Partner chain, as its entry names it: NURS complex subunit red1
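Just one chain follows, in the form deposited without the partner chain, and it is written as structure tokens.
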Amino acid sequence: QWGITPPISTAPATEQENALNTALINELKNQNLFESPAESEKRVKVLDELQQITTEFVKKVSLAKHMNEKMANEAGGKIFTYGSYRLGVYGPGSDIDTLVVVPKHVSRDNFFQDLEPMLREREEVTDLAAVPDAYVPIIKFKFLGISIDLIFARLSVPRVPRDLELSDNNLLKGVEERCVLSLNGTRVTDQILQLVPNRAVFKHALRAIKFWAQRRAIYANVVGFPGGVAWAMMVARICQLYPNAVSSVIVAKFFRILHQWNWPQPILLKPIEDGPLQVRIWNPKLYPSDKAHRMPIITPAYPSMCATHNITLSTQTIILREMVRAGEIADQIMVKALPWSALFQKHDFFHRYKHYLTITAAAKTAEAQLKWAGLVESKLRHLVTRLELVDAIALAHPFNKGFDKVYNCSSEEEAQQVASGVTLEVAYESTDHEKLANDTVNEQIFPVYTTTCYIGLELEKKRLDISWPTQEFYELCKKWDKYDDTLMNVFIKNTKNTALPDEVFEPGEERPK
């Protein structure tokens, strides 16, 4: 048996199921989701280079601390990957989540002070940006064009050999807090792969489920939809229930099992374990915050945590409705009444609601806007919850990405009025602030940089009053310890479907008629 409960079926795939499995993979190819072998080989080469830079880095530190040559050559140091790349389900151009593990005499200070300069001196490295203040400290860069998100963990051992595995829970003892967090992603990815009956079947099924979720716009953790890890664990759970199936069957059965699931019963890939640390483990019977989780997807590595903390009543409802819809499509696919492409039809978010909320973050520099827009976006789920409590609002559906604009205002007064939400007729251009700021590094108008998020409003059966929700949200954002009242502002507006700007419809997409 795989997983905690008995399988639904152990039968081999039928001939028809095998044929639909080939058709599924053909549609994933049709969607161009597989990178070329050349790009795959380039990723292996980049990871091999990072492993050599890691050994060089650890050796340099060891020698600077007066270790002898022999011991400095034994200190080791190892690169790991996790996330989509490690799971083997990543699209062309995707980032590699990467972790460097080092022995106890190499510190997080050496990471940013010693390894960072070593990367900057490589001709293959571009777009290098260190972010030591993040929740998980990180160094971001491209190596030969491959995007790397590099995090760091120091172990309490004198040597990190090339064959080190991170599964033993005791490896967490004596490790600093941020290093324990940096180890979790790799420990989680490895366990998921170990807990499914057939890794090849799991990967194809996850690729389809992930693409479906992105096409339906229910793939963003920050606003309360499941993220990559959460979708991966959901697919893994279904794989456990069909240990002898092919990917077509996993996908076809996935939707109904999960929208009929007895929420909030958790998705667990294995029993929750205890460990040698003194840290909280997910437990609704001890912690009220864990009891409030609506669709808990629990990570299997000690210490277990819920990967879907952010889900609200609204996003729970959207997720379930999307699964109901997909289950009925999959039913038709598996009797050959519809092609697989029918499952991947894009959302109609900007066609389906009569009333939207626009939430705009604005700033006077692109660099300030990037952090401020991120902050405002991260608070949307709290606005969603308060909007639900408005008697007239049944559901507040957040879209899963923001839209960047730049206004080239003619005066400081006009720029102030644009940033505060008195954007009348002032012209703007659609842009990408992240690309602008990065271009500036690699290098009278008063520009205002804005990022707008959208919430679709489902109103109760029988003008809307959102005064308190709006006031509460402004105050929550402006409590940010980095909020700068000379640079940043935020405003909410009501927007009818007919008033949606052209930006929200992709190139060649017709507006609602």
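Residue numbers count along the first chain shown, from 1. Throughout, rigid core stands for the largest set of C-alpha atoms superposing within 1.5 Å between the two forms.
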- Message: Zero if continuous, otherwise a range: how many residues of the deposited sequence are missing coordinates between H66 and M67 (none, 1 to 3, 4 to 9, 10 or more)?
- Response: none
- Does the entry skip any residues of the deposited sequence between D133 and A134, and if so, is it 1 to 3, 4 to 9, or 10 or more, or none at all? none
- Got a sec? Mean C-alpha B-factor, which is higher, 172-180 or 371-379? 172-180
- Comparing mean C-alpha B factor in the record for 283-291 and 353-361, the higher one is 283-291
- Query: If you check the C-alpha B-factor for each of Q31, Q444, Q51, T450 in the entry, which is highest?
  - Reply: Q444
- Message: If I read the C-alpha B-factors straight from the PDB entry, which of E322, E74, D331, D404 is highest?
- Response: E74
- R463: CA B-factor among chain residues, third -> highest
- Task: Among all modelled residues of this chain, ranked by Cα B factor, put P37 in the bottom, middle or top third, i.e. lowest, middle or highest.
- Result: highest
- Message: Please say which third, lowest, middle or highest, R43 falls into when its CA temperature factor is compared across its chain.
- Response: lowest
- What third of the chain, by the recorded C-alpha B-factor, contains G508? lowest
- Message: Considering every modelled residue of the chain and its Cα B-factor in the PDB entry, is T14 in the lowest, middle or highest third?
- Response: middle
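We do not show the form solved in complex with the partner chain, though everything after this point is about it.
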- Are all three residues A362, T470 and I492 in contact with the partner chain in the deposited bound form, where contact means a non-hydrogen atom within 4.5 Å? yes
- Message: For the interface check, one of 46-54, 30-38, 61-69, 477-485 should have non-hydrogen atoms within 4.5 Å of the partner chain in the deposited bound form; which one?
- Response: 477-485
- Query: Going by a heavy atom distance of 4.5 Å, is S420 a contact of the partner chain in the deposited bound form?
  - Reply: yes
- Message: Residue-level question: is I455 within 4.5 Å of the partner chain in the deposited bound form, judged on heavy atoms?
- Response: no
- Would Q316 show up as a contact with the partner chain in the deposited bound form if we use heavy atoms at 4.5 Å? no
- Task: Answer for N184 alone: is it within 4.5 Å of the partner chain in the deposited bound form, judged on heavy atom distances?
- Result: no
- Query: Which residue among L338, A415, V175, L128 has a heavy atom within 4.5 angstroms of the partner chain in the deposited bound form?
  - Reply: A415
- Contact assignment for the partner chain in the deposited bound form, among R256, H355, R215, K371, heavy atom within 4.5 Å: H355
- Task: Determine, with the core as the superposition reference, the one member of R321, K354, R199, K173 that shifts its CA by 2 Å or more between the shown form and the other one.
- Result: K354
- Tell me, please, whether between the shown form and the other one the C-alpha of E69 is shifted by 2 Å or more, with the rigid core used for superposition. yes
- Message: Quick check on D114: with the core superposed, does its CA move 2 angstroms or more between the shown form and the other one?
- Response: no
- Item | Exceeds or equals 2 Å, Cα of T385 between the shown form and the other one, core fit | yes
- Message: Closer or farther: the C-alpha atoms of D391 and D290 in the deposited bound form, versus the form shown, with a change of 3 angstroms or more?
- Response: closer
